[PDB]
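Written below as structure tokens is the structure these notes are about.
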Protein chains: 8
Amino acid sequence: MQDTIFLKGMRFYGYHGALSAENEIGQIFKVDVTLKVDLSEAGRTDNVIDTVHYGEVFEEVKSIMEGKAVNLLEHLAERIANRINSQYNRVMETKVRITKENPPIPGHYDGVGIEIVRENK
Amino acid sequence: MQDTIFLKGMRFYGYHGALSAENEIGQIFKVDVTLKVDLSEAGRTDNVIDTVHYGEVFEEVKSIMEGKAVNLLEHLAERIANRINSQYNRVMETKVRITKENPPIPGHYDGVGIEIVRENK
Amino acid sequence: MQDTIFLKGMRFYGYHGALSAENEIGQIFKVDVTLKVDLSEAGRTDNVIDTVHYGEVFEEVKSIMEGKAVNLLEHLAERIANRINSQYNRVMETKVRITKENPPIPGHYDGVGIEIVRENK
Amino acid sequence: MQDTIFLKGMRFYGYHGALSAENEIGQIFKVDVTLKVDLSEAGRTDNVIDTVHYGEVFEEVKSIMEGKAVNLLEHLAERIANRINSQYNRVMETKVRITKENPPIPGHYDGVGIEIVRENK
Amino acid sequence: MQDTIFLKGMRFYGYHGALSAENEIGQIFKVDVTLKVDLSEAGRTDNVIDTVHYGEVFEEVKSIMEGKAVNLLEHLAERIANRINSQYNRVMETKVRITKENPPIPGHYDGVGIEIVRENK
Amino acid sequence: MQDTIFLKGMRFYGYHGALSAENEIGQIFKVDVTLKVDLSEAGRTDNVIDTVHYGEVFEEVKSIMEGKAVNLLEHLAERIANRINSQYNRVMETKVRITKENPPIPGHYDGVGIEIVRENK
Amino acid sequence: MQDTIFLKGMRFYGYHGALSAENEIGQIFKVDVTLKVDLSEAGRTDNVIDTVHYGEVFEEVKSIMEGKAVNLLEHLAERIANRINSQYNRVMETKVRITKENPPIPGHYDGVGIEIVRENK
Amino acid sequence: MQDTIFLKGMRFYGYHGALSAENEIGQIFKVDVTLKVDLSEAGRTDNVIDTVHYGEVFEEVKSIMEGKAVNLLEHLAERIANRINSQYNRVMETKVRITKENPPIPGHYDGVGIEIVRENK
Ligand SMILES: Nc1nc(O)c2nn(-c3cccc(C(=O)NCc4cc(Cl)cc(Cl)c4)c3)nc2n1
Ligand SMILES: Nc1nc(O)c2nn(-c3cccc(C(=O)NCc4cc(Cl)cc(Cl)c4)c3)nc2n1
Ligand SMILES: Nc1nc(O)c2nn(-c3cccc(C(=O)NCc4cc(Cl)cc(Cl)c4)c3)nc2n1
Ligand SMILES: Nc1nc(O)c2nn(-c3cccc(C(=O)NCc4cc(Cl)cc(Cl)c4)c3)nc2n1
Ligand SMILES: Nc1nc(O)c2nn(-c3cccc(C(=O)NCc4cc(Cl)cc(Cl)c4)c3)nc2n1
Ligand SMILES: Nc1nc(O)c2nn(-c3cccc(C(=O)NCc4cc(Cl)cc(Cl)c4)c3)nc2n1
Ligand SMILES: Nc1nc(O)c2nn(-c3cccc(C(=O)NCc4cc(Cl)cc(Cl)c4)c3)nc2n1
Ligand SMILES: Nc1nc(O)c2nn(-c3cccc(C(=O)NCc4cc(Cl)cc(Cl)c4)c3)nc2n1
């Protein structure tokens, strides 16, 4: 099963980061969420109730990304993957990519980050 | 067999969407179609009759994307995958990605959507 | 005097638009603000009090862009230009560009909009 | 008066061109339309009837761009500028930029074209 | 073994195409070549003679892309894959992607094409 | 008179440069040519003989850009402006922009170059 | 005289900013330098000694951008414009644009900054 | 285990290359580093000591990329992969992609390079 529902380049201004200055100033966090969901029933029925509502998924990510500042990106993605897997039984597995395109790293790059993949139990 | 014929970033202005306002205003739908087709005979012969005509594939997608408004993206991709698989025996499997770069979702993102993969029976 | 302070590609999700569906669904509004300000004193002193704080300008634009839905883009830019000119005597003139990259216009384009230039009296 | 209403990157698939093969195959024409219009009344009133409707302008350009194939780009822009100036008295002057990003020119470039500016008499 | 040598976005102005007008006018062909090559010896030695010279590979592709006009893209990629596999024993497998970003297809898309993967015998 | 004919992002691989290594290795030169030409007659007639053929202009630039290696970019643009002004009486003035996006300058930038404007005598 | 020598998108990681956290963490500063210089003699002679060496200009900007942290962008551009005007008599006027694409401003934008133009006395 | 820590588009100005002129002039090297690391503990704890510090990884790559000029890209990636694997036991495998977007290759392309994948023993 290779069907997926996706949310790309979600951007939130947050204050996460292991550095005090980071939590003080904050920055933009870019998020990519991919959900493994069998989309054949919805493909057949065309009934929104037979699939996962991207809108509700963006609200979940947003609430975690725009809330309490944490240290790691690993923690933020773990909470999101867990939040989505928890509320949706149709999501067989959740992939969360978080990128800090502008960390307090002296240099020239496009970004740094982490990406986790969690299966729904 | 990893050979493929592709159609990227196809864009159509449609009126699909589960929201009444969506069907009223409409929006742009971005489509990516990938077909698994063994391209060795055509690679050998150079005869257009030994492969699938990208042009005819764009016409199929277009007819579905620019026609009757449906609710889901899942339904639109299911119809396209089914339409292409049905008319072409050389297409071993069809992958359809549909993206709503500008849905009625209050926020900052690059887009949302679904992607299905269907083998040709 | 060709000195300027600028704010590019400001993006807000608003509900302005002459169409009921627009006000219902909303969309992203892209804003570009250019202020004619003589930056020599600040260039000499390096004292933030000798120039206009881009931060405070983004807050002004934001408050207008994320507030009450209006019909025209002309109205939104008129309010911003007026809001900035009013609070800052150092701003000799304000240029406001507002773009609807995704209006309810069936077609393929990069965007539509208006740009006004207002001198500060 | 520096106020303007704009339509950027309008793209139409047409068959214009001085070469027979061009008229046969056709290509994509990119269009940029800028109109000098005093937007203060609309900025004050917020009444759509006090300005020029971008939507109606895109329809005008479209009708000319997607209609009868002509030889030059100069002819296409002349017809558009003339069509817009003619129907709208509020448009003090019209600027039309037409680009052939992919002409039958053997080489590497981003595009070629023309841009005209016509005042409304 | 996941090591690879790559050549991205190679662009050639050619006259291939199943349509007479295409062969007459010509267009730009974008090419992506990926070669599976074990790069550990070169990684150890730092001797250019222990790996495949990207330069020589671009010359091979170029000669095929800028030469005799053929009908299919499948034929062009088959000749390149075959040309590279043939001259280099270190290339375990060759992947060739050819894209016609501007075919004689009336519509809006980013491109169409084919991609083949050939193992070296 | 604000009418113009343009050629953007022309790219040639040349060997110009004041450094011996430059002339040895060569690089890509990006060129932008803008010609002030009154396009009303052509806009009226639609006869290609009433305007300047972008194709012939690209050939002129190409011949200078892909020919003998010189030291400066100033010299290359001077020769092009002079070559175009000389052959076309309809060109009232020529603007030539040449960019070295990748000069032998240790650093991070988008490019360096020169742009000249020459009126046709 | 419209001739110019330019340096675009120069990027330096600096620690300027009126906020303590800024000076602590630092960020990337994007710089655009435009110099009004009559390039006809160099265009005629092709002698590098008849124009301004872009390389030496990038070194000047770099030294100021990568040195002592200051508060304003106005101060940084004032020092650069002054540094370039001072050492080069051929530079009739200097234009310096500095952009903070990622300031400590909670929001979505492409960047903020200032641009000054200084004539050489 | 599909978890990864990444560093994209790292850019360094180096002097590596098998050609004398290359070592003389130098160029920009673009680097992409992907590390397979189980990020669940850090996702649970939120303690930076339970994962690999992207910052320290960029310093490692930088030291190799901005140091002694070598001949091959294969050698540079081998040293980096080896340097990262060596210092971090949590890194199960390292993927290094190095690209020369502007090699001394006469032509039009986006870049050339190599990518290696090394498991940590
Ligand atoms: N995996 C992970 N996830 C995060 O969110 C991290 N944040 N930091 C982090 C925290 C504090 C400072 C820095 C940092 O400064 N990185 C670049 C750098 C700069 C300097 Cl001057 C010195 C060093 Cl050692 C590193 C990084 N490391 C992380 N790893
Ligand atoms: N899988 C899928 N496919 C589609 O085509 C969908 N369309 N919508 C959809 C329909 C109607 C409204 C919205 C929507 O508004 N999403 C964002 C949003 C905004 C607000 Cl204010 C509130 C909520 Cl709950 C969601 C989404 N969900 C889909 N799922
Ligand atoms: N100057 C200006 N500013 C705005 O904010 C505008 N909004 N609209 C506007 C309002 C309502 C609908 C439309 C619209 O639909 N435009 C495209 C279009 C589609 C169709 Cl199907 C038919 C027409 Cl006539 C126009 C535009 N015109 C504006 N002009
Ligand atoms: N101003 C203008 N506007 C247009 O729309 C034009 N179309 N052509 C045009 C017509 C037919 C062919 C070509 C063309 O082929 N240009 C490139 C070229 C290729 C070759 Cl092989 C030879 C030459 Cl001389 C030119 C251009 N010149 C124009 N000028
Ligand atoms: N696999 C493959 N490879 C190629 O290189 C092809 N070239 N064409 C091709 C040849 C001639 C014309 C067209 C074409 O016009 N495609 C779009 C189109 C336009 C119109 Cl008006 C009508 C149709 Cl049926 C198709 C495509 N099909 C290919 N398939
Ligand atoms: N106006 C102009 N036009 C050109 O084409 C130029 N080419 N060079 C040029 C020639 C040779 C070397 C360099 C150069 O290396 N520039 C960057 C640089 C690097 C180093 Cl290590 C040292 C210095 Cl001083 C400059 C530039 N200066 C020019 N000016
Ligand atoms: N002209 C100019 N130039 C600079 O370099 C500036 N730096 N700052 C500056 C300094 C310190 C903080 C901020 C800032 O935070 N801006 C955004 C902002 C965020 C919040 Cl939470 C509150 C406010 Cl008032 C502003 C800006 N204003 C400048 N003006
Ligand atoms: N795998 C690999 N890695 C590198 O870093 C390489 N560098 N070169 C390399 C070295 C010297 C010159 C050239 C080169 O010039 N390539 C293009 C080219 C130009 C010309 Cl005129 C002639 C030829 Cl044969 C090749 C390439 N080949 C490599 N292979």
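Within each chain, counting starts at residue 1; across the structure tokens, chains are named A, B, ... in the order shown, with ligands numbered 1 upward in that order.
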Find the residues near ligand 8. Use a cut-off of 9 Å, count only C-alpha atoms and all ligand atoms, and write them as an MDAnalysis selection string. (chainID E and resid 5 39 42 46 48:59) or (chainID F and resid 25) or (chainID H and resid 16:22 70:75 100 103:107 112:114)
Write to file, as an mmCIF file, in the first residue's frame, the residues of the selection just made, with N, CA and C atoms.
data_model
loop_
_atom_site.group_PDB
_atom_site.id
_atom_site.type_symbol
_atom_site.label_atom_id
_atom_site.label_comp_id
_atom_site.auth_asym_id
_atom_site.auth_seq_id
_atom_site.Cartn_x
_atom_site.Cartn_y
_atom_site.Cartn_z
ATOM 1 N N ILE E 5 27.401 8.456 -9.325
ATOM 2 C CA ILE E 5 28.031 9.603 -9.967
ATOM 3 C C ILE E 5 26.871 10.198 -10.748
ATOM 4 N N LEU E 39 32.441 3.832 -5.440
ATOM 5 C CA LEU E 39 33.425 4.910 -5.288
ATOM 6 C C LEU E 39 34.355 4.829 -4.082
ATOM 7 N N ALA E 42 38.436 5.104 -5.189
ATOM 8 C CA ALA E 42 38.729 6.494 -5.527
ATOM 9 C C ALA E 42 38.664 7.312 -4.245
ATOM 10 N N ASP E 46 42.119 8.704 -4.220
ATOM 11 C CA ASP E 46 42.038 10.094 -4.657
ATOM 12 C C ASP E 46 42.637 10.201 -6.072
ATOM 13 N N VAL E 48 42.060 9.946 -9.946
ATOM 14 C CA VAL E 48 40.982 10.083 -10.920
ATOM 15 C C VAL E 48 40.787 8.855 -11.806
ATOM 16 N N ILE E 49 41.832 8.037 -11.896
ATOM 17 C CA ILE E 49 41.819 6.817 -12.702
ATOM 18 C C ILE E 49 41.073 5.662 -12.025
ATOM 19 N N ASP E 50 40.595 5.907 -10.811
ATOM 20 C CA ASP E 50 39.869 4.894 -10.050
ATOM 21 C C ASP E 50 38.363 5.168 -10.011
ATOM 22 N N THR E 51 37.890 6.006 -10.926
ATOM 23 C CA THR E 51 36.496 6.358 -10.990
ATOM 24 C C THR E 51 36.166 6.803 -12.389
ATOM 25 N N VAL E 52 34.897 7.149 -12.611
ATOM 26 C CA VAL E 52 34.461 7.605 -13.920
ATOM 27 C C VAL E 52 34.415 9.127 -13.933
ATOM 28 N N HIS E 53 35.079 9.690 -14.956
ATOM 29 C CA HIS E 53 35.226 11.097 -15.282
ATOM 30 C C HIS E 53 33.882 11.667 -15.768
ATOM 31 N N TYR E 54 33.231 12.485 -14.888
ATOM 32 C CA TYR E 54 31.936 13.090 -15.266
ATOM 33 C C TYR E 54 32.090 13.801 -16.631
ATOM 34 N N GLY E 55 33.202 14.486 -16.834
ATOM 35 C CA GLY E 55 33.412 15.198 -18.094
ATOM 36 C C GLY E 55 33.212 14.346 -19.355
ATOM 37 N N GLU E 56 33.819 13.164 -19.371
ATOM 38 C CA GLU E 56 33.709 12.246 -20.494
ATOM 39 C C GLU E 56 32.278 11.759 -20.656
ATOM 40 N N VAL E 57 31.527 11.705 -19.558
ATOM 41 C CA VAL E 57 30.144 11.247 -19.612
ATOM 42 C C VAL E 57 29.230 12.297 -20.242
ATOM 43 N N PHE E 58 29.519 13.565 -19.957
ATOM 44 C CA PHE E 58 28.749 14.668 -20.521
ATOM 45 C C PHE E 58 29.008 14.746 -22.033
ATOM 46 N N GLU E 59 30.228 14.409 -22.445
ATOM 47 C CA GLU E 59 30.577 14.439 -23.862
ATOM 48 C C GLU E 59 29.791 13.356 -24.592
ATOM 49 N N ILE F 25 40.098 27.420 -18.215
ATOM 50 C CA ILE F 25 38.907 26.666 -17.831
ATOM 51 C C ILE F 25 37.597 27.190 -18.464
ATOM 52 N N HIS H 16 39.611 22.024 -4.393
ATOM 53 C CA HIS H 16 39.777 20.641 -4.806
ATOM 54 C C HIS H 16 39.530 20.563 -6.323
ATOM 55 N N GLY H 17 39.994 19.481 -6.948
ATOM 56 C CA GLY H 17 39.833 19.302 -8.386
ATOM 57 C C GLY H 17 41.097 18.703 -8.984
ATOM 58 N N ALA H 18 40.943 17.819 -9.972
ATOM 59 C CA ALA H 18 42.088 17.167 -10.608
ATOM 60 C C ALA H 18 42.869 18.074 -11.585
ATOM 61 N N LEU H 19 42.318 19.255 -11.857
ATOM 62 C CA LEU H 19 42.909 20.230 -12.766
ATOM 63 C C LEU H 19 43.620 21.353 -12.012
ATOM 64 N N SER H 20 44.860 21.621 -12.415
ATOM 65 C CA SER H 20 45.691 22.652 -11.795
ATOM 66 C C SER H 20 44.992 23.988 -11.677
ATOM 67 N N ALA H 21 44.283 24.373 -12.737
ATOM 68 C CA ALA H 21 43.554 25.638 -12.758
ATOM 69 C C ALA H 21 42.474 25.644 -11.684
ATOM 70 N N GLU H 22 41.849 24.494 -11.472
ATOM 71 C CA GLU H 22 40.816 24.377 -10.453
ATOM 72 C C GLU H 22 41.397 24.725 -9.078
ATOM 73 N N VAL H 70 42.158 18.479 -2.447
ATOM 74 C CA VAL H 70 42.402 17.124 -2.903
ATOM 75 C C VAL H 70 41.954 17.056 -4.343
ATOM 76 N N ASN H 71 42.117 15.897 -4.957
ATOM 77 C CA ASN H 71 41.733 15.757 -6.348
ATOM 78 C C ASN H 71 40.261 15.468 -6.523
ATOM 79 N N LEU H 72 39.817 14.368 -5.937
ATOM 80 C CA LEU H 72 38.439 13.949 -6.110
ATOM 81 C C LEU H 72 37.402 14.359 -5.078
ATOM 82 N N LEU H 73 36.150 14.277 -5.503
ATOM 83 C CA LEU H 73 35.024 14.592 -4.657
ATOM 84 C C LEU H 73 34.808 13.349 -3.802
ATOM 85 N N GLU H 74 35.171 12.198 -4.380
ATOM 86 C CA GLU H 74 35.061 10.871 -3.748
ATOM 87 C C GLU H 74 35.910 10.807 -2.491
ATOM 88 N N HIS H 75 37.040 11.504 -2.547
ATOM 89 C CA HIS H 75 37.979 11.549 -1.440
ATOM 90 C C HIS H 75 37.460 12.433 -0.314
ATOM 91 N N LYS H 100 29.400 19.765 -7.731
ATOM 92 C CA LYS H 100 30.174 20.836 -8.320
ATOM 93 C C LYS H 100 29.166 21.427 -9.296
ATOM 94 N N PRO H 103 31.646 23.072 -12.645
ATOM 95 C CA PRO H 103 32.950 22.500 -12.972
ATOM 96 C C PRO H 103 33.485 23.070 -14.290
ATOM 97 N N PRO H 104 34.745 22.739 -14.636
ATOM 98 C CA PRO H 104 35.338 23.238 -15.877
ATOM 99 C C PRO H 104 34.848 22.406 -17.049
ATOM 100 N N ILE H 105 33.532 22.222 -17.116
ATOM 101 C CA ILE H 105 32.894 21.466 -18.185
ATOM 102 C C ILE H 105 32.122 22.436 -19.073
ATOM 103 N N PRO H 106 32.537 22.560 -20.350
ATOM 104 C CA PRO H 106 31.861 23.459 -21.289
ATOM 105 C C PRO H 106 30.454 22.949 -21.595
ATOM 106 N N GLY H 107 29.450 23.594 -21.013
ATOM 107 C CA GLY H 107 28.085 23.180 -21.255
ATOM 108 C C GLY H 107 27.053 23.774 -20.315
ATOM 109 N N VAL H 112 27.209 18.468 -11.311
ATOM 110 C CA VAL H 112 27.754 17.121 -11.401
ATOM 111 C C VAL H 112 28.315 16.752 -10.036
ATOM 112 N N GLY H 113 28.363 15.466 -9.749
ATOM 113 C CA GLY H 113 28.895 15.077 -8.469
ATOM 114 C C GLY H 113 28.772 13.619 -8.142
ATOM 115 N N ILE H 114 28.998 13.351 -6.869
ATOM 116 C CA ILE H 114 28.929 12.009 -6.354
ATOM 117 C C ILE H 114 28.243 12.003 -5.000
#
Could you find all residues in chain A that DSSP calls helix (DSSP H, G or I) from the backbone, and write them as number ranges by chain? A: 20-25, 40-45, 48-50, 54-65, 73-87
Could you save those same residues with C-alpha atoms as a short mmCIF file (atom, residue, chain, number, x, y, z; two decimals), in the first residue's frame?
data_model
loop_
_atom_site.label_atom_id
_atom_site.label_comp_id
_atom_site.auth_asym_id
_atom_site.auth_seq_id
_atom_site.Cartn_x
_atom_site.Cartn_y
_atom_site.Cartn_z
CA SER A 20 18.37 30.44 25.47
CA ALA A 21 18.70 33.06 22.74
CA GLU A 22 16.70 30.83 20.41
CA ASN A 23 13.79 30.62 22.86
CA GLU A 24 14.05 34.36 23.23
CA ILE A 25 14.10 35.37 19.56
CA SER A 40 -9.41 3.49 -2.16
CA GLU A 41 -12.74 3.68 -0.32
CA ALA A 42 -12.70 7.49 -0.50
CA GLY A 43 -11.58 7.14 -4.09
CA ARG A 44 -14.65 5.02 -4.66
CA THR A 45 -17.20 6.83 -2.50
CA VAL A 48 -14.96 12.94 2.99
CA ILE A 49 -15.79 10.67 5.94
CA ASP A 50 -13.84 7.84 4.28
CA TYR A 54 -5.92 17.46 5.76
CA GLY A 55 -7.41 20.53 7.50
CA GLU A 56 -7.70 18.79 10.88
CA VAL A 57 -4.13 17.53 10.48
CA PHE A 58 -2.74 21.03 9.93
CA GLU A 59 -4.57 22.16 13.08
CA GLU A 60 -2.90 19.38 15.09
CA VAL A 61 0.63 20.21 13.82
CA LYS A 62 -0.03 23.94 14.36
CA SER A 63 -1.09 23.50 17.96
CA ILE A 64 2.15 21.66 18.69
CA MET A 65 4.37 23.94 16.61
CA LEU A 73 13.05 19.10 16.94
CA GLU A 74 12.93 15.36 17.76
CA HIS A 75 10.53 16.14 20.58
CA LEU A 76 8.29 18.27 18.40
CA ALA A 77 8.04 15.65 15.65
CA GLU A 78 7.47 12.88 18.25
CA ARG A 79 4.53 14.78 19.70
CA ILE A 80 3.00 15.42 16.26
CA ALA A 81 3.44 11.89 14.98
CA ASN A 82 1.95 10.68 18.26
CA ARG A 83 -0.91 13.20 18.10
CA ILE A 84 -1.93 12.23 14.57
CA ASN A 85 -1.50 8.48 15.00
CA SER A 86 -3.55 8.69 18.18
CA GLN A 87 -6.58 10.45 16.71
#
By how many Å are atom CA of residue 11 of chain G and atom CA of residue 10 of chain A apart? 25.8 Å
What is the atom CA of residue 14 of chain G-atom CA of residue 67 of chain G distance in Å, reported with one decimal?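 So the answer is 7.7 Å.
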At a cut-off of 8 Å, using only C-alpha atoms, what residues contact residue 96 of chain E? Leave out same-chain residues fewer than 3 positions from it and give the result as number ranges by chain. E: 31-34, 77, 80-81, 115-117
Would you export the selected residues with C-alpha atoms as a PDB file, in the first residue's frame, please?
ATOM      1  CA  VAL E  31      18.838  15.265 -19.235  1.00  0.00           C
ATOM      2  CA  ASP E  32      19.659  13.616 -15.891  1.00  0.00           C
ATOM      3  CA  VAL E  33      22.218  10.823 -15.793  1.00  0.00           C
ATOM      4  CA  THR E  34      22.864   8.651 -12.739  1.00  0.00           C
ATOM      5  CA  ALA E  77      17.982   7.420 -23.590  1.00  0.00           C
ATOM      6  CA  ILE E  80      23.020   6.979 -24.060  1.00  0.00           C
ATOM      7  CA  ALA E  81      22.593   4.258 -21.465  1.00  0.00           C
ATOM      8  CA  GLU E 115      13.396   7.650 -17.528  1.00  0.00           C
ATOM      9  CA  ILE E 116      15.049   4.304 -18.042  1.00  0.00           C
ATOM     10  CA  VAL E 117      17.403   2.263 -15.895  1.00  0.00           C
TER      11      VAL E 117
END
Using DSSP on the backbone coordinates, identify all residues within chain B classified as strand (DSSP E); present the result as a PyMOL selection string. chain B and resi 4-14+27-36+93-100+111-119
If you count only C-alpha atoms, which residues fall within 6 Å of residue 90 of chain D, apart from same-chain ones fewer than 2 positions away, as a PyMOL selection string? chain D and resi 37+88+92
